[PDB]
Amino acid sequence: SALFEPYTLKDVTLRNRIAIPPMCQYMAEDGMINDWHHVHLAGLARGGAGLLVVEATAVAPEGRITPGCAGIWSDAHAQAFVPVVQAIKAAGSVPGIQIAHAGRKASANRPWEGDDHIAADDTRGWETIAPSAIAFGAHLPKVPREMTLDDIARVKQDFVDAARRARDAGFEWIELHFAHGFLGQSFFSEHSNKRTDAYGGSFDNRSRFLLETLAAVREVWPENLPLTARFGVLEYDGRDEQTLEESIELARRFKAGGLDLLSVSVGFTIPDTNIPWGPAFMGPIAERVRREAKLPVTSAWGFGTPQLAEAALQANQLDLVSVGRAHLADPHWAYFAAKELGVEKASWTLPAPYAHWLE
Ligand SMILES: Cc1cc2nc3c(=O)[nH]c(=O)nc-3n(C[C@H](O)[C@H](O)[C@H](O)COP(=O)(O)O)c2cc1C
């Protein structure tokens, strides 16, 4: 099976092509992770996936999505990850982390606590920042503060510090969160970026925050460990061919700047869109980016059906298959997939204290 073939990227070898993508847990306190995350992540690693990417972890307090988001904006925050990293490694999975800044979509409630911007008089809330003072709208009506050049320098440095911290905590894989309408994505999109300085207007200017952040992170992130990013390559906003073309150009510049793999997603930059949700619906777009930027890719949404994951790999649409919600439902999804695909000794996807009994 293609799904259970190993994958080598730089010095890191994944035992199979199953990636667990970043999934916010909303269980941290002032950015500090705790035994929620420890057990969640170690349990997933033991389930058999080759790569486990820790949830969006804020590079700065105001870059959290919610009051429950993880952070890595101090060395104490980073140190909290060390035992979890060590547990993921003990289980034979590769520990990754997504470092993030939520931009104008920050200061929101947890998804089961309203999922909306925090009310003005709620002591938990904070001012958001963005390339331009324009609200997302809908359930995220707060108008962000327009970033100064010093803010841009500071946030880039926060990404650098976060990457340094992730390195020193023992992560073997990093993902820059430039997708899903958060700060990076919003610098790229003309919907959200109305700047007239070096960081807006033209394609080069809109790309600049993302490329400069990648280059700055590259200085401190080891060359022998995969350097990746998530990026929304279209919005389903009636501008898809032009947006895709630009996104693919940016992917080429990412590759030239040392990016090893791109997690291809949707932008979610604005609410007024028409996304054609369906099983593996991003497969063909991921394939186009892979082909036209000549860059390894992953993607997500509905690949928890093992045969569909297998088909996407065999069609060379993807290099890794990201499987999210199916792993919340069943942390041992990789074992289920091995069984479904008829892999020999499927139960040994799991560690011996499980595998022996399930043969
Ligand atoms: C609980 C939850 C939290 C998520 N948090 C993030 C995250 O931290 N960063 C990210 O880029 N995507 C996040 N996503 C998107 C997932 O990585 C993934 O793309 C999405 O769930 C689709 O894959 P699936 O159909 O296999 O669940 C999250 C989704 C879920 C379900």
# chains A, B, ... in the order shown; residues from 1 in each chain; ligands from 1
>>> closest_atom_pairs(of="chain A", to="ligand 1", cutoff="7 Å", atoms="only C-alpha atoms and all ligand atoms", output="tab-separated table")
residue	atom	partner	partner_atom_place_in_ligand_line	distance
A:21	CA	ligand 1	17 (O)	4.4
A:22	CA	ligand 1	7 (C)	4.3
A:23	CA	ligand 1	5 (N)	3.4
A:24	CA	ligand 1	5 (N)	3.9
A:25	CA	ligand 1	1 (C)	6.1
A:55	CA	ligand 1	8 (O)	3.9
A:56	CA	ligand 1	8 (O)	3.7
A:98	CA	ligand 1	9 (N)	7.0
A:177	CA	ligand 1	11 (O)	6.3
A:179	CA	ligand 1	11 (O)	6.6
A:180	CA	ligand 1	11 (O)	6.9
A:230	CA	ligand 1	11 (O)	6.5
A:300	CA	ligand 1	23 (O)	4.4
A:301	CA	ligand 1	25 (O)	3.2
A:302	CA	ligand 1	25 (O)	3.9
A:303	CA	ligand 1	26 (O)	5.6
A:304	CA	ligand 1	26 (O)	5.7
A:322	CA	ligand 1	26 (O)	6.2
A:323	CA	ligand 1	26 (O)	3.8
A:324	CA	ligand 1	26 (O)	3.5
A:325	CA	ligand 1	27 (O)	3.7
A:326	CA	ligand 1	26 (O)	6.1
>>> select_by_dssp(residues="segment 154-307 of chain A", states="strand (DSSP E)", output="list in words")
residues 173, 174, 175, 176, 177, 178, 227, 228, 229, 230, 231, 232, 261, 262, 263, 264, 265, 297, 298 and 299 of chain A
>>> write_last_selection(atoms="C-alpha atoms", output="CSV table (one decimal), in the first residue's frame")
chain,number,residue,atom,x,y,z
A,173,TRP,CA,9.2,19.3,11.6
A,174,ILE,CA,7.9,22.9,11.5
A,175,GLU,CA,4.9,24.3,9.7
A,176,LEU,CA,4.4,28.1,9.3
A,177,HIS,CA,0.7,28.8,9.4
A,178,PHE,CA,0.1,31.0,6.4
A,227,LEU,CA,10.6,23.4,6.8
A,228,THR,CA,7.0,23.6,5.7
A,229,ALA,CA,4.1,25.9,5.5
A,230,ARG,CA,0.3,25.8,5.2
A,231,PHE,CA,-1.2,28.2,2.7
A,232,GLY,CA,-4.6,28.8,1.3
A,261,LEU,CA,6.7,20.7,1.6
A,262,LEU,CA,3.5,22.7,1.3
A,263,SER,CA,0.3,21.9,3.1
A,264,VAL,CA,-2.3,23.1,0.5
A,265,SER,CA,-5.5,24.5,1.9
A,297,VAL,CA,2.4,18.6,-0.8
A,298,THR,CA,-0.1,17.4,1.6
A,299,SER,CA,-3.8,18.4,1.9
>>> residues_around(residues="residue 158 of chain A", least_positions_apart="4", cutoff="10 Å", atoms="only C-alpha atoms", output="PyMOL selection string")
chain A and resi 58-60+72-74+99-101+152-154+162-164+213+217
>>> write_last_selection(atoms="N, CA and C atoms", output="mmCIF file, in the first residue's frame")
data_model
loop_
_atom_site.group_PDB
_atom_site.id
_atom_site.type_symbol
_atom_site.label_atom_id
_atom_site.label_comp_id
_atom_site.auth_asym_id
_atom_site.auth_seq_id
_atom_site.Cartn_x
_atom_site.Cartn_y
_atom_site.Cartn_z
ATOM 1 N N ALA A 58 0.679 29.803 19.050
ATOM 2 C CA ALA A 58 0.849 31.239 18.809
ATOM 3 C C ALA A 58 2.268 31.719 19.086
ATOM 4 N N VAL A 59 2.802 32.507 18.165
ATOM 5 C CA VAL A 59 4.127 33.096 18.344
ATOM 6 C C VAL A 59 4.115 34.324 19.276
ATOM 7 N N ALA A 60 2.920 34.802 19.611
ATOM 8 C CA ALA A 60 2.713 35.982 20.438
ATOM 9 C C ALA A 60 1.330 35.882 21.067
ATOM 10 N N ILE A 72 3.978 29.669 22.213
ATOM 11 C CA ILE A 72 5.392 29.359 22.319
ATOM 12 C C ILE A 72 6.178 30.682 22.314
ATOM 13 N N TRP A 73 5.584 31.689 22.949
ATOM 14 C CA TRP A 73 6.134 33.043 22.923
ATOM 15 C C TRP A 73 7.097 33.348 24.063
ATOM 16 N N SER A 74 7.450 32.336 24.857
ATOM 17 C CA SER A 74 8.498 32.457 25.875
ATOM 18 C C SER A 74 9.186 31.117 26.001
ATOM 19 N N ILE A 99 3.432 26.794 13.841
ATOM 20 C CA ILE A 99 3.534 28.059 14.560
ATOM 21 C C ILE A 99 2.744 29.091 13.790
ATOM 22 N N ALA A 100 2.086 29.959 14.538
ATOM 23 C CA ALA A 100 0.912 30.665 14.023
ATOM 24 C C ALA A 100 0.732 32.065 14.599
ATOM 25 N N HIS A 101 -0.015 32.876 13.873
ATOM 26 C CA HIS A 101 -0.509 34.140 14.381
ATOM 27 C C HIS A 101 -1.869 34.401 13.747
ATOM 28 N N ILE A 152 5.497 44.697 12.057
ATOM 29 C CA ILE A 152 5.866 43.657 11.112
ATOM 30 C C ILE A 152 7.232 43.070 11.495
ATOM 31 N N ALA A 153 8.188 43.947 11.805
ATOM 32 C CA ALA A 153 9.488 43.463 12.279
ATOM 33 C C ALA A 153 9.370 42.587 13.532
ATOM 34 N N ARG A 154 8.536 43.041 14.468
ATOM 35 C CA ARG A 154 8.347 42.332 15.719
ATOM 36 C C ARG A 154 7.714 40.951 15.501
ATOM 37 N N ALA A 162 9.943 31.669 17.923
ATOM 38 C CA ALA A 162 9.111 30.476 18.015
ATOM 39 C C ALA A 162 9.797 29.291 17.332
ATOM 40 N N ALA A 163 10.371 29.516 16.153
ATOM 41 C CA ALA A 163 11.058 28.426 15.452
ATOM 42 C C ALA A 163 12.292 27.941 16.208
ATOM 43 N N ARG A 164 13.061 28.886 16.748
ATOM 44 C CA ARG A 164 14.202 28.571 17.594
ATOM 45 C C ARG A 164 13.788 27.717 18.796
ATOM 46 N N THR A 213 9.275 36.271 6.398
ATOM 47 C CA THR A 213 9.153 35.424 7.587
ATOM 48 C C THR A 213 9.783 34.049 7.325
ATOM 49 N N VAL A 217 12.934 32.653 9.511
ATOM 50 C CA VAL A 217 12.836 31.365 10.175
ATOM 51 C C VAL A 217 13.914 30.413 9.675
#
>>> atom_distance(atom1="atom CA of residue 29 of chain A", atom2="atom CA of residue 61 of chain A")
11.1 Å
>>> residues_around(residues="residue 254 of chain A", least_positions_apart="3", cutoff="9 Å", atoms="only C-alpha atoms", output="number ranges by chain")
A: 210-211, 214, 229, 249-251, 257-260, 262
>>> write_last_selection(atoms="C-alpha atoms", output="PDB file, in the first residue's frame")
ATOM      1  CA  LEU A 210       5.378  35.601   4.050  1.00  0.00           C
ATOM      2  CA  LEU A 211       8.694  35.356   2.183  1.00  0.00           C
ATOM      3  CA  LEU A 214      10.151  32.191   5.821  1.00  0.00           C
ATOM      4  CA  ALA A 229       4.078  25.899   5.535  1.00  0.00           C
ATOM      5  CA  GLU A 249       3.856  31.527  -8.108  1.00  0.00           C
ATOM      6  CA  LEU A 250       4.214  32.086  -4.359  1.00  0.00           C
ATOM      7  CA  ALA A 251       4.723  28.333  -3.888  1.00  0.00           C
ATOM      8  CA  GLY A 257      13.456  29.917  -0.333  1.00  0.00           C
ATOM      9  CA  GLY A 258      13.972  26.488   1.183  1.00  0.00           C
ATOM     10  CA  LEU A 259      10.449  25.218   1.760  1.00  0.00           C
ATOM     11  CA  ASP A 260      10.467  21.399   1.730  1.00  0.00           C
ATOM     12  CA  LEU A 262       3.533  22.742   1.265  1.00  0.00           C
TER      13      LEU A 262
END
>>> closest_residue(among="A:54, A:91, A:32, A:183", to="residue 67 of chain A", atoms="only C-alpha atoms")
A:32
>>> closest_residue(among="A:238, A:201, A:68, A:296", to="residue 274 of chain A", atoms="only C-alpha atoms")
A:238
>>> closest_residue(among="A:245, A:310, A:235, A:122", to="residue 271 of chain A", atoms="only C-alpha atoms")
A:235
>>> residues_around(residues="residue 62 of chain A", least_positions_apart="6", cutoff="9 Å", atoms="only C-alpha atoms", output="PyMOL selection string")
chain A and resi 101-103+106-107+126-129
>>> write_last_selection(atoms="C-alpha atoms", output="compact mmCIF listing (two decimals), in the first residue's frame")
# COMPACT_ATOMS: atom_id res chain seq x y z
CA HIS A 101 -0.51 34.14 14.38
CA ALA A 102 -4.29 34.50 14.06
CA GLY A 103 -4.26 38.12 12.93
CA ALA A 106 -7.77 36.38 16.96
CA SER A 107 -9.49 37.14 20.28
CA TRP A 126 -7.62 41.66 23.27
CA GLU A 127 -6.93 43.92 20.36
CA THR A 128 -6.18 42.14 17.12
CA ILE A 129 -3.62 43.17 14.50
>>> residues_around(residues="residue 44 of chain A", least_positions_apart="3", cutoff="6 Å", atoms="only C-alpha atoms", output="JSON, numbers by chain")
{"A": [41, 47, 331]}
>>> closest_residue(among="A:171, A:136, A:159, A:335", to="residue 216 of chain A", atoms="only C-alpha atoms")
A:159
>>> closest_residue(among="A:196, A:317, A:243, A:307", to="residue 342 of chain A", atoms="only C-alpha atoms")
A:307
>>> atom_distance(atom1="atom CA of residue 336 of chain A", atom2="atom CA of residue 285 of chain A")
27.3 Å
>>> closest_residue(among="A:218, A:105, A:89, A:117", to="residue 43 of chain A", atoms="only C-alpha atoms")
A:89
>>> residues_around(residues="residue 33 of chain A", least_positions_apart="3", cutoff="8 Å", atoms="only C-alpha atoms", output="number ranges by chain")
A: 27-29, 36-38, 70-71, 77, 80-81
>>> select_by_dssp(residues="segment 255-346 of chain A", states="helix (DSSP H, G or I)", output="VMD selection string")
chain A and resid 255 to 256 283 to 293 306 to 314 325 to 329 333 to 340 346
>>> atom_distance(atom1="atom CA of residue 69 of chain A", atom2="atom CA of residue 269 of chain A")
19.9 Å
